[PDB]
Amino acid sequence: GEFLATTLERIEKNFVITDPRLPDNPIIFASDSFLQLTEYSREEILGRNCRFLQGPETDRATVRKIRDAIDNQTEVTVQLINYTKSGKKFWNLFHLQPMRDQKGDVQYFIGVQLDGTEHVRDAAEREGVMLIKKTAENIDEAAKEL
């Protein structure tokens, strides 16, 4: 269909990239795995703020932690309930970090989502955060020259 995946978006990891220069910090790249998890097509996601994944059981306190991170241009790692297109719930161990250019200005934000069936703690939380941070570092490389 529309918006065939770029090579970046075929990286076998769940992430999105947003452009904070664009009204409402919208998604501009979304990986195939993100599409698969969320049940949206790429055309349905692009140019939208990622908050469309939130729903009734999403903890708004947690959403404010993300808002504040973006506002302060800093990373955050949180867990929150998200919803697919068809309204199926999933937990999202979510890591955000800015991507900076060669003058240290924030160019994009990188978001990595690890979907799970439950809030994780201890070993599962640690291994999850290990995974999403390593992924974010990989994408910071991948995205640098877009």
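Residue indices: 1-based, along the sequence shown.
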Give the stretch, out of 96-104 and 114-122, with the larger mean C-alpha temperature factor in the deposited entry.
-> 114-122
Thinking about Cα B factors across the chain, which third does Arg64 belong to?
-> lowest
Split the chain's modelled residues into thirds by Cα B-factor; is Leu37 in the lowest, middle or highest one?
-> highest
Select lowest, middle or highest to describe the third in which the CA B-factor of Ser86 falls within its chain in this entry.
-> highest
What third of the chain, by the recorded C-alpha B-factor, contains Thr135?
-> highest
